[PDB]
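Engineer: turn this into a model:
(chains A, B, C and D, ligands or ions: 8)
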Number of protein chains: 4
Amino acid sequence: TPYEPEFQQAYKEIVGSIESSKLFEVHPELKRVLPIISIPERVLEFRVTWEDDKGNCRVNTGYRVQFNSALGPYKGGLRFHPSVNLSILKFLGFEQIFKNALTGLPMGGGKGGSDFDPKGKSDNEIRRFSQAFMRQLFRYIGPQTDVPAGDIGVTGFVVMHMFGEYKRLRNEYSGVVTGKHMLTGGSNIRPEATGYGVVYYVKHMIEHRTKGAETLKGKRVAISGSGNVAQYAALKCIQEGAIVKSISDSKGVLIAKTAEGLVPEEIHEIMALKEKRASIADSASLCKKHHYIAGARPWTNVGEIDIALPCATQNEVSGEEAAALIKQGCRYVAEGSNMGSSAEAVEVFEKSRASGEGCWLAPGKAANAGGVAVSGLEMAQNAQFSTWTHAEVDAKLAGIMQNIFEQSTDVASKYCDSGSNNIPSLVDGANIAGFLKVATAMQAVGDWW
Amino acid sequence: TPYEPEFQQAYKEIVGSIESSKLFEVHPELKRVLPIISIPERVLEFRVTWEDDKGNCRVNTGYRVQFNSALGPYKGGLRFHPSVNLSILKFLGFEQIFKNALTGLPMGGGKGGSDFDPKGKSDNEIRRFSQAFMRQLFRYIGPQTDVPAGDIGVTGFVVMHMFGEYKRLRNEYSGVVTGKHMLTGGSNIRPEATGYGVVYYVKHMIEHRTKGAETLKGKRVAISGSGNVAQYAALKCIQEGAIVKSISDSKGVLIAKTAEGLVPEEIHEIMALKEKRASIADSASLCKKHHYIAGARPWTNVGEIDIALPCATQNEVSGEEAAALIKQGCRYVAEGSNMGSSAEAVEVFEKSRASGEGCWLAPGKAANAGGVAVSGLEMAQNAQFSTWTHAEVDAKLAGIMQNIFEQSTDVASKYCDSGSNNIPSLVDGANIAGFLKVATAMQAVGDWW
Amino acid sequence: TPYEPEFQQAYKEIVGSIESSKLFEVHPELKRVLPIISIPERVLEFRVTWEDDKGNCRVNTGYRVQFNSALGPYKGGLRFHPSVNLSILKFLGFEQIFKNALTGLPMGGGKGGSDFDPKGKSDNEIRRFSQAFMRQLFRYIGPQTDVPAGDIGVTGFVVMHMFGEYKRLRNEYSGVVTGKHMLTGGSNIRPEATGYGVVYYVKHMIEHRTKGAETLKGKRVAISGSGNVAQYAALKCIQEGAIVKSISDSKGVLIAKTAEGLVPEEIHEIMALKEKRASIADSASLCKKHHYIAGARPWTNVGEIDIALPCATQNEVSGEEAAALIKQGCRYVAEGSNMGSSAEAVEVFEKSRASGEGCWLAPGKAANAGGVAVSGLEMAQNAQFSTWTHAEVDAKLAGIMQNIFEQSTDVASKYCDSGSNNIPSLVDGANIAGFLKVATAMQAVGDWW
Amino acid sequence: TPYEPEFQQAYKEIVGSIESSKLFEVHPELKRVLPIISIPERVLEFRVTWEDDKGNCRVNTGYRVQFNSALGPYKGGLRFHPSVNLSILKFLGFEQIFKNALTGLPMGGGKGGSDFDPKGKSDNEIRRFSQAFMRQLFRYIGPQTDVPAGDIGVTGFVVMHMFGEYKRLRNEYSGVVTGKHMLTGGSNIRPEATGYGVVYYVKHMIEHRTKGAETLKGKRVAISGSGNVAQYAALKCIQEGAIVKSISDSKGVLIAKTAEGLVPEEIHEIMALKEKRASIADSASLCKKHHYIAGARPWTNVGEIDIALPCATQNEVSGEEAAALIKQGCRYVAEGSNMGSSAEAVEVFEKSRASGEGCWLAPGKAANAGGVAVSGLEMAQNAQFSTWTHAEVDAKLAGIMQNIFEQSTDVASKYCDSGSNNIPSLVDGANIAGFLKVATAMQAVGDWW
Ligand SMILES: NC(=O)c1ccc[n+]([C@@H]2O[C@H](COP(=O)([O-])OP(=O)(O)OC[C@H]3O[C@@H](n4cnc5c(N)ncnc54)[C@H](OP(=O)(O)O)[C@@H]3O)[C@@H](O)[C@H]2O)c1
Ligand SMILES: NC(=O)c1ccc[n+]([C@@H]2O[C@H](COP(=O)([O-])OP(=O)(O)OC[C@H]3O[C@@H](n4cnc5c(N)ncnc54)[C@H](OP(=O)(O)O)[C@@H]3O)[C@@H](O)[C@H]2O)c1
Ligand SMILES: NC(=O)c1ccc[n+]([C@@H]2O[C@H](COP(=O)([O-])OP(=O)(O)OC[C@H]3O[C@@H](n4cnc5c(N)ncnc54)[C@H](OP(=O)(O)O)[C@@H]3O)[C@@H](O)[C@H]2O)c1
Ligand SMILES: NC(=O)c1ccc[n+]([C@@H]2O[C@H](COP(=O)([O-])OP(=O)(O)OC[C@H]3O[C@@H](n4cnc5c(N)ncnc54)[C@H](OP(=O)(O)O)[C@@H]3O)[C@@H](O)[C@H]2O)c1
Ligand SMILES: N=C(CCC(=O)O)C(=O)O
Ligand SMILES: N=C(CCC(=O)O)C(=O)O
Ligand SMILES: N=C(CCC(=O)O)C(=O)O
Ligand SMILES: N=C(CCC(=O)O)C(=O)O
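Structural biologist: Residues are numbered from 1 along each chain as shown, chains lettered A, B, ... in the order given. Ligands and ions are numbered 1, 2, ... in the order given. See below for the structure:
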């Protein structure tokens, strides 16, 4: 039995929500599910051998965790980052079970990736790695078996290289991956889906907490990250009349120097930088206009703030940063990143919600579900031999995020207690709602009794 | 060439309708189809070895008759009953060809099952048997090959155990079976579909026979059986304002002691008894309130009656019972059960229709088609990556049953003669309509020339 | 549960040997095997549609009984005869389990065929039927799964058409069938193997019964049948210095009119007749030279006789014929045909052995095993990428038949009682030896416990 | 990157032999192999769900490490022990690469198993677990892909249950596993092979070290373990005229109380105890006759000794025990167990060899190779459709062990230095010989360049 801190972190939060609720008082038989659900159905690791631009034989480790398939084929992204290991991918894959359950679409949970580092690699090297990766993975996936997509380090470029290699090796053209190109079975809204869905979720939070007194307009938002989720979270914020006060990467943070915050052209500039695996610091002009802080996160540096959207990586909000956010005025936190808040930050936010200023955390498995939701929609369009409009997909996305919110608050009211401020735990509601659905389907298919 | 009485019975009725009609005068080439269509495309038998709760090695025989696939993949239920043998399953599978053709959905015909007896078995034993059965069957079925579901003795519990075992063994999540759980690709209305569709069919019969003078409201209905088909036939009858005067099982019959008949809470009580494989006699309270007759069928015991719905098993209405029904006032018979009426009962009812009181039999292959129709709809929802509403499925079901009625009366008028009472044979119309469609598709795919 | 007389006959003889022996006194747990072993692992039936020389759409039923695979892949011949049905093929497939066990080669037991009648068909029609048959069967067989060969009505012509169709459909060249052509993975001695092995077995019988006082030289032999087994039994008899007094077909019997009996040129003439599906009666010259009896079997017509070799079909020796054989001097009977002796004939011969003149029956599952033995050798040569010499295969065949004899007498002495004449039952010894081996392997692989 | 101590231990010893030798001076390009070879080609983990005798849903983790396939299909045993995890199975699978290379047979290296604990389980539970395990593994193995067999906790009973389940699920009868039953493609000598091969290896050690002055006769041997390897090592020792002074299990050690040591009937008694998963302590009579020490290993308790055969598990000889062995007279150590000697014990023995009393360690990857060698021979017999005699297999085994010895000493002389006592390192020679072969084949197939 090995040391898997991130997996254990994610497991402890979920199980804590469940065990602290009335669920096992009402349904004591469900206790039997926990030892079973927490062992993946299957894990694959494989050597990935590839050739660099200098002709050297290179090697990296690849993985696919197929955690749960009670509700559908395994579904979840691929992460290319030098930190990747089994522990991280188990955290993500376990989260993904419950997140996918919340969407209402027929998707099991999985996650995979490699310790391959895209930084410093050419597009040629990345194509070659992608192809080599898929030459290991193809036999273990399929449109009704396991449907990947892109997570950290895995762009449309990578996903599409993988689609191409699968279609060649299996000699079929199907919905094996999502995040595809629009000419090859892609969905409108898929690039935008995660970040748009985070912001949709926040609109439901503001409505509920203010009992309809306020909207997202004029809210000051601190975003971290500068990739797929952060970009479109920032762009949706701006569309909705909110103020984007920060954006960040692994090297530092850009703090807007105007009360109007960052504007769309600036997000597009950063998008172009990240397409070339460059850093925010590499725009001399953005840095001179705004306030660039090498080595820092946004949270303690953004001044007065209303919303925080962690959109980079796990454990990117410390307990100290959570408390600083609240002192700076923050009352809504929604995780674009998977497990963005550290365990200590979760506790700070949950105590605020219960007893303090009422700062309200939406967990990633609810708030960030828009991406995998629109992936499900991509699967549906592929099966239907159809391509829906932007408006059609966005409306479905909005309806899904609303349903996740409603499931979360309904389940929290049924099994939990909100505390002094009467603000239900989105953390507890998402965990319990997702677990109950999966456990029920598991029982039907024979996974436990 | 072996003795297969039930198969021969079912074959003789179908062929009699066809040969007594003008069909082969108009299309003499169709005579060539009969020797071909009546040999199944394929039959599988397999040993099913399993372990009882005492640890003993047990064995039963399993089967899948894949009768015809001109119109689609094989489709039809699985029956667990100690009577099961090849003859019975051929009867059912041959019927199923024509029934499935009538639905208008792309479904071939098949049937399977085992002589395994669920009575006296634990849920644990039933899970184990289900899994063992599917470990024999899986290689011969698939979402575009052969899609089973539940018949006598095969509940959602069994179907879902089988789905789980298939998905594990084939490592894919697809519409391999219908009658699935709502969290795992099930359809709304599927449990209700057969019994609801029987009653829908009867409404068309009353409208036609009374030329719009009467409705189902207030009609006194004798139901046999107490399982999936009988339960929802009884509940639909009550919803429609009819009076349910009986319900039965293999041990006896409950006759209502009030003119109001049985009420929904009583049907639900019986439903709960049957979930535990108990008998009607095991409710002391139901028996004390009503009139329980050990060892009897409803037909001669229900007093005055308007409709008879055989919803248990084949050959459950004798010729003597048919005549007694008519003396008791019965003018509509609709088979929920497959081949519920004995050959002698069919003749009594067809002569009544032609020349007597006008008592009108709807054959199972028309009246009971709602179940496999909604199975087809479940296949469509699975393929579409969609879950339709209850209202949406029920409306489709109603439209299918109406279309089966119209096909039946249209074809009877075209090729047959109704006799003195001008009431077209639903028996003959269903048989000829179904046969013509299948024969036409067979010719296209090369099965005959 | 259907009427399967031939299966029941074969089962009753085997089980009688076992239950009348000490086996279940020594190993009482083996009683549990009988209900399991007697249900085939799998049965396939399929429609076989084909086109005659006049262009008509024709249909026949095909079958493959896969009875037992504890010792190896299913193995056994295909029979084309209008009598064929499931009962007959179950008899043969059940026999084949035990026969294959006796050979010592890794072969399970199965049998298949069709009610297709080769008589009156052209070679063109037979090619077409063969191909159609294999287009149904191919997915259920394979070199390590189920390896057919030719039984009644299935010649090398048929087997090779089937090989060709399999290799095309599966795009591989392997030992899927035995009885192949020498240019396509055939074995030397395979055509001769059954009839040669029968005569080898008889040599062991004469040695044992006469305690080395006599040989096969000069023995007068009555053979029935005129196909693959009879031909080479007759030719081996002649090589060994015995006298062939008869040969027969479905239309009548040729009795030799000389004490020298039939000569090889006459057997070759009949071979050529049977290649064209003609009858013995169609040689005017053979009939004029010898004594042809329309409608008769040899047994009561051959005059004085020492050995009887039933080599046509099941139940071709009545109890009355058995008694007549003994009155005519017969002291050895060896079944070339499967279950050649009727149940009443078996009893006559077993009582003779025990208490009378000492007439000694060798059951087909021992005496006729040479064919499937050399099939196993063909499988070994295919796997090895090798073709052994005639001498090499014949020596292996001889060694196998000797080992079957030794196993039979050793097991009979261990578990049975020979009676007054001290001649062990070859019937009982073969049945018990074969059953013990299969039961032991079944237990190891989990088929029973 | 996780903590994998056993894997790291095994890797460090191998790489130390290689890096301390002249190999990379002669062939510097081989340095590139180490980062590649040490990442498995593939790892599978899977949940194994099963039912205990009380009907409870149980779960365990299963694994198959497919480490290297340059020389053949993956090959190596399955271990059922509550300690099992990925680290242990990687140690074993990495060892297995090199061991399999040394045999000269075309076998890659792998290992798998489960944390399932057979102790306290019924044979029924073990059958059920075995079957469930194989229902997870079957798709990832095959006769030309990955061929398992039995390691700690995996008996013929388990292996054969697994064969049965594979043959059912894949519908083929092939050499998917080795260690099979003799009626189902087993090899003679396979049960005996590991322990016999250890003792064969020791005979070569004595010949070499004493320059032909001494033999194994009369040598006093301390054996640990009491399972498959220990039993047949003890029985071979006795056949060869050596004295068995100990045998042990996880609960304690039996020290012989006579100078004649243990006799074959005593080993057979222990064999029967271990078939029932009982302990040595459970024989009151053995314990009363001899000297039983609860909680102890043999090494410091056996008195004067010449040979030590660790035959239980990894790290079962401490550095202190190694030094005590030498003080007690031990001059030969041969590992029946994989990595039986701790790292500290290896160093004690290698310094003795180099500079001290000349105590000589043979590593498991050489000494214990007889088991997988005879597995390879079982694969060859299966492919050939043949069963070789005991004598034939034992002669091949003896020839393999001699060849492993010769390869080891030849390679040690070529690339290493023996030290003062002129006794070549069997440790270094096995590691380098095995690595060079695998690296060469890897290069040919494109695994590195
Ligand atoms: N994409 C989806 O559909 C989706 C859906 C749900 C949730 N998520 C989650 O959203 C987060 C971001 O994913 P993405 O798709 O936007 O990936 P992305 O496009 O690769 O962007 C990741 C961003 O996070 C930063 N980052 C990554 N790892 C970091 C680390 N260890 N320390 C600090 N900064 C780090 C990167 O910095 P650099 O630019 O300096 O490299 C970059 O700005 C992840 O937690 C992911 O699991 C993604
Ligand atoms: N389910 C479908 O979708 C479907 C569709 C079309 C037609 N059908 C037909 O409808 C009938 C009932 O099926 P079901 O799904 O309702 O099965 P079910 O749930 O198993 O119920 C069967 C009922 O019939 C009784 N029964 C069964 N075999 C009997 C026999 N030999 N003698 C007397 N009573 C017997 C049972 O009595 P106990 O409760 O005492 O056991 C029970 O009340 C069958 O003819 C079936 O083929 C079913
Ligand atoms: N071939 C093998 O390797 C093999 C091995 C072991 C045992 N057997 C058994 O040996 C017997 C003969 O097989 P075979 O391969 O020699 O077949 P074959 O070449 O087709 O010859 C069959 C012979 O038996 C006659 N016959 C068949 N069915 C008959 C019936 N119902 N009534 C009377 N005569 C009948 C045929 O008469 P016509 O010539 O008039 O048609 C013909 O002479 C069978 O019992 C078979 O199962 C065969
Ligand atoms: N079998 C093969 O072909 C083969 C080939 C090469 C090498 N090996 C190696 O040989 C060794 C023994 O394998 P085997 O096949 O003989 O297994 P086995 O039949 O299961 O016997 C294992 C023996 O070792 C003892 N044991 C196991 N784990 C132990 C632990 N953690 N602490 C102390 N004692 C322990 C057991 O004690 P209990 O009886 O108390 O349970 C038993 O006496 C292993 O290292 C294995 O990898 C086996
Ligand atoms: N990266 C994902 C989802 C990938 C997908 O759309 O399957 C996530 O939910 O974190
Ligand atoms: N039990 C069935 C139908 C099963 C199905 O829905 O395929 C029937 O039509 O009798
Ligand atoms: N016809 C056979 C054997 C066919 C074969 O060689 O597999 C028989 O044993 O009856
Ligand atoms: N248990 C094994 C070998 C298993 C096998 O024979 O494949 C070993 O070498 O440790």
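
Engineer: any idea which residue of chain A lies closest to ligand 7?
Structural biologist: When distances are taken as Cβ to the nearest ligand atom, chain A approaches ligand 7 most closely through residue A:139, which lies 35.5 Å from it. Heads up, the C-betas are built off the backbone N, CA and C, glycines and all.

Engineer: from residue D:70, how far out is that residue?
Structural biologist: The span separating residue A:139 from residue D:70 equals 20 Å under the rule Cβ to Cβ, to the nearest Å.

Engineer: the two - which one has more neighbours?
Structural biologist: Taking neighbours as other Cβ atoms under 10 Å in any protein chain shown, residue A:139 and residue D:70 compare with residue D:70 leading, 22 against 13.

Engineer: tell me who's in contact with the more buried one.
Structural biologist: Applying Cβ atoms under 8 Å, 6 or more residues apart in numbering or on different chains, we find residue D:70 in contact with D:108, D:438, D:441-442, D:444-445, D:447.

Engineer: okay if I get the residues you listed as CSV plus neighbour count?
Structural biologist: Listed next are the contacts of residue D:70 as CSV, based on neighbours: other Cβ atoms under 10 Å in any protein chain shown:
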residue, neighbour count
D:108, 26
D:438, 22
D:441, 18
D:442, 20
D:444, 9
D:445, 10
D:447, 21
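
Engineer: from residue A:427, how far off is the residue of the stretch 201-350 of chain A found nearest ligand 5?
Structural biologist: The stretch 201-350 of chain A approaches ligand 5 most closely through residue A:338 (5.3 Å), counting by Cβ to the nearest ligand atom. Counting by Cβ to Cβ, the separation of residue A:338 from residue A:427 is 14 Å.

Engineer: distance of residue A:263 relative to chain B?
Structural biologist: Relative to chain B, residue A:263 is positioned 38 Å away (Cβ to the nearest Cβ, to the nearest Å).

Engineer: and the closest residue to that residue other than its chain neighbours, how many neighbours does it have?
Structural biologist: Excluding the flanking residues, the one nearest residue A:263 by Cβ to Cβ, 6 or more residues apart in numbering or on different chains is residue A:238, at 7.0 Å. Counted with other Cβ under 10 Å, residues neighbouring residue A:238 total 20.

Engineer: and what of residue A:258?
Structural biologist: 11.

Engineer: now it: which helix or strand?
Structural biologist: When elements are defined using DSSP states H and E, residue A:258 is found to belong to no helix and no strand.

Engineer: if we can go back for a sec, would the residue of the stretch 201-350 of chain A closest to ligand 5 count as being in a strand?
Structural biologist: No: note on residue A:338: no strand contains this position according to DSSP: H, G, I helix; E, B strand; the rest coil, which reports coil.

Engineer: quick one: contacts for the closest residue to residue A:194 other than its chain neighbours?
Structural biologist: Nearest residue to residue A:194, sequence neighbours excluded (Cβ to Cβ, 6+ apart): residue A:371, at 3.6 Å. When contacts are counted by Cβ under 8 Å, 6+ apart, residue A:371 touches A:77, A:149, A:190, A:193-194, A:197, A:229.

Engineer: closest one to ligand 2 out of those residues, please.
Structural biologist: Lowest distance from ligand 2 to the contacts of residue A:371 (Cβ to the nearest ligand atom) belongs to residue A:149, with 38.3 Å.

Engineer: and the closest one, how far is that from residue A:100?
Structural biologist: Taking Cβ to Cβ as the measure, residue A:149 and residue A:100 are separated by 12 Å.

Engineer: what do those two both touch?
Structural biologist: A:75-76, A:372.

Engineer: residues contacting residue A:77?
Structural biologist: Contact criterion Cβ under 8 Å, 6+ apart gives A:92, A:111-113, A:148-151, A:154, A:371-372 as the residues in contact with residue A:77.

Engineer: so what does it have for phi and psi?
Structural biologist: Note on residue A:77: its backbone torsions stand at phi -80, psi 180 [degrees, to the nearest 10].

Engineer: hmm, back to that, now, which of the shared contacts of residue A:149 and residue A:100 lie within helices?
Structural biologist: Here DSSP state H is the test, and the shared contacts of residue A:149 and residue A:100 give residue A:372 as lying in helices.
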